[PDB]
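Coordinates as given in coords-v9.cif (mmCIF, C-alpha atoms and all ligand atoms):
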data_target
#
loop_
_atom_site.label_atom_id
_atom_site.label_comp_id
_atom_site.auth_asym_id
_atom_site.auth_seq_id
_atom_site.Cartn_x
_atom_site.Cartn_y
_atom_site.Cartn_z
CA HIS A 1 0.00 0.00 0.00
CA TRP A 2 2.66 2.52 1.01
CA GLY A 3 5.04 3.91 -1.63
CA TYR A 4 6.62 7.14 -2.89
CA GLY A 5 3.71 8.85 -4.76
CA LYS A 6 1.61 11.95 -3.98
CA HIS A 7 -1.11 9.76 -2.57
CA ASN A 8 0.94 7.13 -0.72
CA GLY A 9 4.36 8.75 -0.11
CA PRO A 10 6.31 9.66 3.06
CA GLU A 11 3.87 12.38 4.20
CA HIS A 12 1.10 9.73 4.38
CA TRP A 13 2.99 6.95 6.17
CA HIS A 14 2.10 8.14 9.68
CA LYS A 15 -1.56 7.07 9.21
CA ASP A 16 -0.65 3.35 9.01
CA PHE A 17 2.68 3.68 10.91
CA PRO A 18 2.28 6.27 13.71
CA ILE A 19 5.94 5.85 14.81
CA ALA A 20 6.64 7.92 11.66
CA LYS A 21 6.31 10.93 14.04
CA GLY A 22 8.46 9.34 16.74
CA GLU A 23 11.50 10.45 18.68
CA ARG A 24 14.25 8.61 16.75
CA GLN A 25 13.27 8.70 13.04
CA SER A 26 15.60 8.47 10.07
CA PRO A 27 17.04 9.84 7.90
CA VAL A 28 18.31 13.18 9.27
CA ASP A 29 20.41 16.09 8.09
CA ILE A 30 23.99 15.80 9.32
CA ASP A 31 25.08 19.27 10.43
CA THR A 32 28.85 18.83 10.19
CA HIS A 33 29.61 21.78 12.46
CA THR A 34 27.48 20.52 15.36
CA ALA A 35 28.45 16.82 15.13
CA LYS A 36 30.77 16.05 18.03
CA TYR A 37 34.12 14.31 17.49
CA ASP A 38 34.11 11.40 19.93
CA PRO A 39 37.66 10.07 20.66
CA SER A 40 36.12 7.03 22.39
CA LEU A 41 34.67 5.76 19.05
CA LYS A 42 36.59 2.90 17.46
CA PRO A 43 37.53 2.22 13.85
CA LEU A 44 34.81 0.31 12.11
CA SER A 45 35.55 -3.35 11.41
CA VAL A 46 34.07 -4.39 8.06
CA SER A 47 34.80 -8.10 7.51
CA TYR A 48 33.31 -9.05 4.12
CA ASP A 49 35.93 -11.55 2.78
CA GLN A 50 33.64 -14.60 3.26
CA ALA A 51 30.44 -12.90 2.05
CA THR A 52 27.98 -15.15 0.23
CA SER A 53 25.58 -13.21 -1.99
CA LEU A 54 22.59 -15.28 -3.16
CA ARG A 55 19.92 -13.33 -5.02
CA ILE A 56 18.71 -9.92 -6.21
CA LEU A 57 15.01 -8.97 -5.82
CA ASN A 58 12.86 -6.08 -7.04
CA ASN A 59 10.55 -5.64 -4.06
CA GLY A 60 8.47 -2.79 -5.51
CA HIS A 61 10.33 -0.05 -3.53
CA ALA A 62 14.01 -0.80 -4.33
CA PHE A 63 16.14 -3.78 -5.29
CA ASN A 64 17.77 -5.87 -2.56
CA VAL A 65 20.98 -7.87 -2.96
CA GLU A 66 20.52 -10.65 -0.41
CA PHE A 67 23.21 -12.61 1.47
CA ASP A 68 23.47 -15.85 3.42
CA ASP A 69 23.15 -14.67 7.02
CA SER A 70 22.94 -18.18 8.57
CA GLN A 71 26.60 -17.90 9.72
CA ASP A 72 29.10 -15.08 10.57
CA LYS A 73 30.33 -14.69 6.95
CA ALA A 74 30.02 -10.92 6.37
CA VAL A 75 29.97 -8.91 9.59
CA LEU A 76 30.22 -5.43 10.96
CA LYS A 77 31.77 -4.80 14.38
CA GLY A 78 33.59 -2.03 16.24
CA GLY A 79 32.87 1.62 15.65
CA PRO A 80 29.94 2.55 17.99
CA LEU A 81 28.76 -1.09 18.12
CA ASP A 82 28.80 -3.71 20.86
CA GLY A 83 28.93 -7.26 19.52
CA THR A 84 28.59 -8.64 16.00
CA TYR A 85 26.18 -7.67 13.23
CA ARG A 86 25.57 -9.90 10.19
CA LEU A 87 24.98 -8.58 6.66
CA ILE A 88 21.49 -9.57 5.39
CA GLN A 89 21.07 -7.33 2.33
CA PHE A 90 22.03 -4.10 0.66
CA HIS A 91 19.94 -1.72 -1.44
CA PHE A 92 19.95 1.88 -2.69
CA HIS A 93 17.78 5.01 -2.68
CA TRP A 94 18.03 7.28 -5.74
CA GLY A 95 16.49 10.24 -7.55
CA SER A 96 14.90 11.10 -10.87
CA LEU A 97 17.73 13.70 -11.25
CA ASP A 98 21.37 13.78 -10.05
CA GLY A 99 20.54 16.66 -7.57
CA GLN A 100 18.41 14.40 -5.32
CA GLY A 101 18.18 10.77 -4.19
CA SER A 102 19.97 10.43 -0.87
CA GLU A 103 18.08 10.04 2.38
CA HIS A 104 20.68 11.48 4.70
CA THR A 105 21.91 14.96 3.80
CA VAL A 106 25.16 16.70 4.76
CA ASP A 107 24.75 20.40 5.64
CA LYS A 108 21.51 20.06 3.54
CA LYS A 109 23.41 18.67 0.52
CA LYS A 110 21.58 15.86 -1.26
CA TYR A 111 23.61 13.23 -3.10
CA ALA A 112 22.45 11.39 -6.22
CA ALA A 113 21.92 8.13 -4.31
CA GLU A 114 22.61 6.35 -0.99
CA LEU A 115 23.65 2.74 -0.41
CA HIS A 116 22.42 0.94 2.72
CA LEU A 117 24.24 -2.21 3.88
CA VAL A 118 21.87 -3.69 6.45
CA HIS A 119 23.12 -5.82 9.33
CA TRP A 120 21.42 -7.45 12.36
CA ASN A 121 22.73 -8.07 15.89
CA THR A 122 23.52 -11.76 16.33
CA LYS A 123 22.48 -11.64 19.98
CA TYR A 124 18.83 -11.59 18.79
CA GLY A 125 19.12 -14.70 16.58
CA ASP A 126 17.22 -13.46 13.48
CA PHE A 127 16.34 -10.22 11.64
CA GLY A 128 12.67 -10.28 12.68
CA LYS A 129 13.56 -10.40 16.39
CA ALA A 130 16.36 -7.82 15.95
CA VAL A 131 14.01 -5.13 14.55
CA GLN A 132 12.05 -5.23 17.83
CA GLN A 133 15.15 -4.08 19.77
CA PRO A 134 16.74 -0.59 20.14
CA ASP A 135 20.18 -1.99 19.21
CA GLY A 136 18.89 -4.59 16.76
CA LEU A 137 20.31 -3.28 13.45
CA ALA A 138 23.39 -1.52 12.19
CA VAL A 139 23.05 0.17 8.78
CA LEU A 140 26.19 1.34 6.98
CA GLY A 141 25.16 4.24 4.71
CA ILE A 142 27.35 5.32 1.77
CA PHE A 143 26.67 8.34 -0.47
CA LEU A 144 26.87 8.14 -4.28
CA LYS A 145 27.91 11.06 -6.46
CA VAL A 146 27.95 11.05 -10.28
CA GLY A 147 31.38 11.14 -11.93
CA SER A 148 33.69 8.23 -12.74
CA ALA A 149 32.21 4.73 -12.93
CA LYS A 150 32.42 2.41 -9.91
CA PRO A 151 33.76 -0.86 -11.40
CA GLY A 152 32.51 -2.93 -8.44
CA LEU A 153 28.92 -1.74 -9.12
CA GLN A 154 28.72 -2.82 -12.76
CA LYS A 155 27.70 -6.46 -12.07
CA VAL A 156 24.69 -5.06 -10.18
CA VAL A 157 23.81 -2.62 -13.00
CA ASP A 158 24.02 -5.34 -15.64
CA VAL A 159 21.50 -7.68 -13.94
CA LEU A 160 18.78 -5.04 -13.51
CA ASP A 161 17.20 -5.83 -16.91
CA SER A 162 16.29 -9.25 -15.47
CA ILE A 163 14.42 -7.77 -12.49
CA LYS A 164 12.68 -4.82 -14.10
CA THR A 165 9.36 -5.21 -12.30
CA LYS A 166 8.05 -5.80 -8.78
CA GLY A 167 8.37 -9.42 -7.64
CA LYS A 168 11.09 -10.45 -10.08
CA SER A 169 14.28 -12.04 -8.72
CA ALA A 170 17.50 -13.43 -10.19
CA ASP A 171 20.46 -15.54 -9.03
CA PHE A 172 23.19 -13.20 -7.83
CA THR A 173 25.99 -15.33 -6.45
CA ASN A 174 29.69 -14.46 -5.96
CA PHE A 175 29.20 -10.68 -5.63
CA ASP A 176 31.81 -8.96 -3.49
CA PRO A 177 30.41 -5.97 -1.56
CA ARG A 178 33.95 -4.75 -0.77
CA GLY A 179 33.86 -3.21 -4.27
CA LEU A 180 31.18 -0.72 -3.12
CA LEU A 181 33.25 0.83 -0.29
CA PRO A 182 35.18 4.15 -0.42
CA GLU A 183 38.83 4.39 0.66
CA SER A 184 38.12 5.96 4.06
CA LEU A 185 35.92 4.48 6.81
CA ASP A 186 35.56 7.81 8.63
CA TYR A 187 31.92 8.07 9.74
CA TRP A 188 29.11 9.83 11.58
CA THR A 189 26.83 7.83 13.92
CA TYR A 190 23.47 8.37 15.62
CA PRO A 191 20.49 6.29 16.85
CA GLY A 192 17.57 6.07 14.41
CA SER A 193 15.08 4.02 12.49
CA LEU A 194 14.27 2.06 9.39
CA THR A 195 13.63 4.59 6.59
CA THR A 196 10.73 2.53 5.15
CA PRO A 197 7.61 1.14 6.90
CA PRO A 198 7.43 -0.20 9.53
CA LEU A 199 9.86 2.61 10.50
CA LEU A 200 10.95 0.76 13.64
CA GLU A 201 13.40 2.58 15.92
CA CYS A 202 15.98 -0.22 15.97
CA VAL A 203 18.96 1.15 13.99
CA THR A 204 22.44 2.33 14.90
CA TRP A 205 23.26 4.43 11.81
CA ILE A 206 26.87 4.59 10.57
CA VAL A 207 27.14 7.07 7.65
CA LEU A 208 30.51 7.24 5.85
CA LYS A 209 31.88 10.74 5.16
CA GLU A 210 33.51 9.80 1.83
CA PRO A 211 31.07 9.23 -1.08
CA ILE A 212 31.72 6.75 -3.86
CA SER A 213 31.62 7.91 -7.49
CA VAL A 214 29.37 6.14 -10.01
CA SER A 215 28.88 7.01 -13.69
CA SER A 216 25.87 8.78 -15.18
CA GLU A 217 25.25 5.57 -17.17
CA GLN A 218 25.20 3.46 -13.97
CA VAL A 219 22.61 5.62 -12.19
CA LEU A 220 20.58 5.94 -15.42
CA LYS A 221 20.17 2.13 -15.31
CA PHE A 222 18.74 2.33 -11.78
CA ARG A 223 16.13 4.77 -13.11
CA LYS A 224 14.92 2.25 -15.77
CA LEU A 225 13.58 -0.08 -13.05
CA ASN A 226 9.82 -0.16 -12.35
CA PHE A 227 7.78 0.13 -9.16
CA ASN A 228 4.95 -1.78 -10.85
CA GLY A 229 4.53 -5.46 -11.54
CA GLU A 230 4.81 -6.98 -15.02
CA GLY A 231 1.85 -6.20 -17.29
CA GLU A 232 0.80 -3.18 -15.19
CA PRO A 233 1.06 0.53 -16.12
CA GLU A 234 4.75 1.48 -16.16
CA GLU A 235 5.90 3.65 -13.23
CA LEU A 236 9.66 4.30 -13.19
CA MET A 237 11.40 3.43 -9.91
CA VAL A 238 12.82 6.90 -9.07
CA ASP A 239 12.71 9.15 -6.00
CA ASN A 240 12.47 6.21 -3.58
CA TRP A 241 13.87 8.30 -0.71
CA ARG A 242 12.38 9.53 2.54
CA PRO A 243 13.28 13.17 3.37
CA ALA A 244 15.16 14.26 6.49
CA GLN A 245 13.24 13.94 9.77
CA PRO A 246 13.54 16.03 12.98
CA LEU A 247 16.66 15.27 15.01
CA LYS A 248 14.82 15.81 18.34
CA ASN A 249 16.87 14.80 21.39
CA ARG A 250 19.79 13.22 19.52
CA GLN A 251 23.51 13.83 19.10
CA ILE A 252 25.39 12.93 15.93
CA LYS A 253 28.93 11.81 16.71
CA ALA A 254 31.94 11.90 14.39
CA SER A 255 34.75 9.32 14.31
CA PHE A 256 37.20 11.91 12.90
CA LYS A 257 38.42 15.41 13.65
ZN ZN A 301 17.48 1.98 2.83
#
For this file, write the structure as structure tokens.
Ligand SMILES: [Zn+2]
Amino acid sequence: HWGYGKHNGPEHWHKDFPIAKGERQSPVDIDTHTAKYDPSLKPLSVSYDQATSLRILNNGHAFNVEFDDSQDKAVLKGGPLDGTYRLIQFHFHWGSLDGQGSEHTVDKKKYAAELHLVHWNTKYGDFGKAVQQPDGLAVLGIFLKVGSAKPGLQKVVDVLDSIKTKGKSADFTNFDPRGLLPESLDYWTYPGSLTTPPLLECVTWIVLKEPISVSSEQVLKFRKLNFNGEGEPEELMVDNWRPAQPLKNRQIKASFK
């Protein structure tokens, strides 16, 4: 029912999902001057060498690249986190135009897209239990700007023709998510929420400062996807981003000076 249109978009979500107006909603604007450097924060540990990608799915709101999360194969630890978080999927948010698409903003700057690598806290046993907990998820967010191509993204781009419409999936084995990371792991962190319904307040957000560059041709392929199912009126999958929400009683911390 929910989506990104005039009639079912982010300004309507609160009617079915009242937590939409809650105290720890995401995304937010990152005001770089008021974020506090926190010397007690640790380097992030991204351990993706044994990652096992399985499948790519058009779910009607984005496409998800799904992983085997039945063992500790691709995990996030350190940084602001206690314990071990397993990678379950990644997906993107993007615009109809290069001047919009990201969910987080930086001093009100919107990027062309934003990658979310979604991980759940192994102490809760599965994703569905983790989303019911205030420290259940850790989401690594990475900005995309348009410039040079990202070679590690092209295998994703090239499979999108096979999953044009809602409900389509394709085999997507042997994909290495290390090829989507920038050089630096410097980050901001704050407590927040899922950015799609059910909007649960279960996320430790870790947003990298350094964007990756992708080509205009790469992002143009994202914008050829469809929100609709096969045989239905074509609606391009663009502008699948929630705008910045009120920060309320939260502090954004920086890992770097
Ligand atoms: Zn997302």
* Can I get the residues close to ligand ZN 301 (chain A) as an NGL selection string, where close means within 8 Å and we count all atoms listed in the file? -> :A and (90-93 or 114-116 or 194-196)
* Measuring atom to atom with only C-alpha atoms, identify which of A:35, A:157, A:106, A:62 is nearest to residue 236 in chain A. => A:62
* **Residues within 7 Å of residue 118 in chain A, only C-alpha atoms, excluding chain neighbours under 3 positions, as a PyMOL selection string** => chain A and resi 87-90+138-140
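Note that CA of residue 126 in chain A and CA of residue 180 in chain A are 25.2 Å apart.
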* To do: Find the residues around range 199-212 of chain A up to 6 Å (all atoms listed in the file counted), leave out those fewer than 3 positions away in its own chain, and share them as JSON, numbers by chain.
  => {"A": [131, 133, 134, 135, 136, 137, 138, 139, 140, 141, 142, 143, 144, 182, 186, 187, 188, 189, 190, 191, 192, 193, 194, 195, 196]}
* To do: Go ahead and compute the interatomic distance for CA of residue 128 in chain A and CA of residue 85 in chain A, in Å to one decimal.
  => 13.8 Å
* Identify the residues around (38.8, 12.6, 22.4) within a radius of 12 Å, measuring from all atoms listed in the file in the coordinates stated by the file, and give them as a PyMOL selection string. => chain A and resi 36-42+253-257
Once you have the residues from the selection above, write them out as a JSON list (two decimals), keeping the file's coordinate frame, restricted to C-alpha atoms.
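Full text of out15.json as output:
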[["chain", "number", "residue", "atom", "x", "y", "z"],
["A", 36, "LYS", "CA", 30.77, 16.05, 18.03],
["A", 37, "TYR", "CA", 34.12, 14.31, 17.49],
["A", 38, "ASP", "CA", 34.11, 11.40, 19.93],
["A", 39, "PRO", "CA", 37.66, 10.07, 20.66],
["A", 40, "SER", "CA", 36.12, 7.03, 22.39],
["A", 41, "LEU", "CA", 34.67, 5.76, 19.05],
["A", 42, "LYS", "CA", 36.59, 2.90, 17.46],
["A", 253, "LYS", "CA", 28.93, 11.81, 16.71],
["A", 254, "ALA", "CA", 31.94, 11.90, 14.39],
["A", 255, "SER", "CA", 34.75, 9.32, 14.31],
["A", 256, "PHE", "CA", 37.20, 11.91, 12.90],
["A", 257, "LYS", "CA", 38.42, 15.41, 13.65]]
* **Nearest candidate to residue 198 in chain A (options A:149, A:57, A:19, A:238; using all atoms listed in the file)** => A:19
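With CA of residue 72 in chain A on one side and CA of residue 127 in chain A on the other, the separation reads 13.7 Å.
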* So, counting all atoms listed in the file, which residue among A:46, A:164, A:29, A:8 is closest to residue 184 in chain A? ->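 The shortest atom-to-atom distance to residue 184 in chain A comes from A:46.
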Padding 8 Å on every side, please: axis-aligned box over the listed atoms of range 188-191 of chain A, centre and edge lengths to one decimal in Å, as JSON.
{"center_x": 24.8, "center_y": 8.1, "center_z": 14.2, "size_x": 24.6, "size_y": 19.5, "size_z": 21.3}
* To do: Compile the contact shell of residue 13 in chain A as an MDAnalysis selection string: residues with an atom at most 9 Å away, counting only C-alpha atoms, same-chain residues fewer than 4 positions apart removed.
  => chainID A and resid 2:3 8:9 17:18 20 196:197
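Shortest separation to residue 97 in chain A among A:216, A:228, A:84, A:245 occurs at residue A:216, atoms counted being all atoms listed in the file.
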* Asked: Please, which residues are within 7 Å of (18.3, -9.0, -4.2) by the file's coordinates, counting only C-alpha atoms, and could they come as a PyMOL selection string?
  -> chain A and resi 55-58+63-66+169
Write the residues of the selection above to a file with C-alpha atoms, as a compact mmCIF listing (two decimals), keeping the file's coordinate frame.
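As written to disk, again.txt reads:
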# COMPACT_ATOMS: atom_id res chain seq x y z
CA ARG A 55 19.92 -13.33 -5.02
CA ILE A 56 18.71 -9.92 -6.21
CA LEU A 57 15.01 -8.97 -5.82
CA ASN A 58 12.86 -6.08 -7.04
CA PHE A 63 16.14 -3.78 -5.29
CA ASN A 64 17.77 -5.87 -2.56
CA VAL A 65 20.98 -7.87 -2.96
CA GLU A 66 20.52 -10.65 -0.41
CA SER A 169 14.28 -12.04 -8.72
Would it be fine to have range 81-110 of chain A, with C-alpha atoms, given as a tab-separated table (two decimals), in the first residue's frame?
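Below you can see selection-v4.tsv, which holds the result:
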chain	number	residue	atom	x	y	z
A	81	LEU	CA	28.76	-1.09	18.12
A	82	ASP	CA	28.80	-3.71	20.86
A	83	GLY	CA	28.93	-7.26	19.52
A	84	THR	CA	28.59	-8.64	16.00
A	85	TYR	CA	26.18	-7.67	13.23
A	86	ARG	CA	25.57	-9.90	10.19
A	87	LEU	CA	24.98	-8.58	6.66
A	88	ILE	CA	21.49	-9.57	5.39
A	89	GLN	CA	21.07	-7.33	2.33
A	90	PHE	CA	22.03	-4.10	0.66
A	91	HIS	CA	19.94	-1.72	-1.44
A	92	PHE	CA	19.95	1.88	-2.69
A	93	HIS	CA	17.78	5.01	-2.68
A	94	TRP	CA	18.03	7.28	-5.74
A	95	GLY	CA	16.49	10.24	-7.55
A	96	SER	CA	14.90	11.10	-10.87
A	97	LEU	CA	17.73	13.70	-11.25
A	98	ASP	CA	21.37	13.78	-10.05
A	99	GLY	CA	20.54	16.66	-7.57
A	100	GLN	CA	18.41	14.40	-5.32
A	101	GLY	CA	18.18	10.77	-4.19
A	102	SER	CA	19.97	10.43	-0.87
A	103	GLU	CA	18.08	10.04	2.38
A	104	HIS	CA	20.68	11.48	4.70
A	105	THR	CA	21.91	14.96	3.80
A	106	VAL	CA	25.16	16.70	4.76
A	107	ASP	CA	24.75	20.40	5.64
A	108	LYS	CA	21.51	20.06	3.54
A	109	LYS	CA	23.41	18.67	0.52
A	110	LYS	CA	21.58	15.86	-1.26
